[PDB]
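As structure tokens, one chain now follows by itself in the form deposited in one PDB entry.
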């Protein structure tokens, strides 16, 4: 079995290997990459996402989110307070202000220490889930707006044609902006490209050990667990590396820099934080190997998780027994 310790693997495809996206995911899996739940892909030196980032300031962040924490430094939840709209140029100025900017630090490990010590005492503002793309239309390789759709994959594998669409999302971050512990909708893959700015630190649990994370989360967030049998779908809970280590939970960590892709694999729980002002683009995708994970994915039916239109068909076709209850939680 390849990669039996479930380490995060880093890949350096050549420009020739960068042509066929599906083939390269399958290659990474042949080397055991999925066992980690996360892989890094460094694009060939010849590749670029677009020519420059000099003209993005007028993109609108319609609903910036202030991420307010509750709990203790290593075990906390966050809620999202809606703020008034602002442009990317306004948000960048805000991220660089004395109130929000990255503190002085020695290296990524020192910054990670400071994040876990101090995150809860601040409320950073995140631009999330903004439909759109920063890939140039002429970028033919690994263009996250031109991937094969999840509806076409389900139709190819299973023969059933379904409604729905699959488009990318932009994220504008600042110091301390935080992504809570989660798997993707329907335990899909994700791919994330860091277009510009400061790094993103990731934590990930191997898919084979995801239920160990879920059991710890039920212990640490006991009221939330009584409220919902899949409350990590709410995307509000944080647990630090120190707490994970104290409780014997297998995990790994890595820092993504501008110009790098990350892939999350089906049922790979992940969480992380941004180092400073940045912009990322991400989308979900599927492969034939995903179908069995989609069929077994947990679901929130309490009403909190609320998701896209396109998830309806996935539940309806892959999980017909759960469909009625889940749809009630959607309405």
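Only residues modelled in both forms are compared. We call the rigid core whatever largest set of C-alpha positions still superposes within 1.5 Å between the two forms. Residue numbers count along the first chain shown, from 1.
Although it is not shown, the form deposited with a small molecule bound is what the next lines describe.
Contact annotation: residue 300 falls within 4.5 Å of the small molecule in the deposited complex, judged by heavy atom distances.
Taking the partner from elsewhere, residue 41 is found to have every heavy atom lying beyond 4.5 Å of the small molecule in the deposited complex.
Identified as moving between this form and the one not shown on the superposed core is the stretch 324 to 329 alone, made of at least three consecutive residues whose Cα atoms shift by 2 Å or more.
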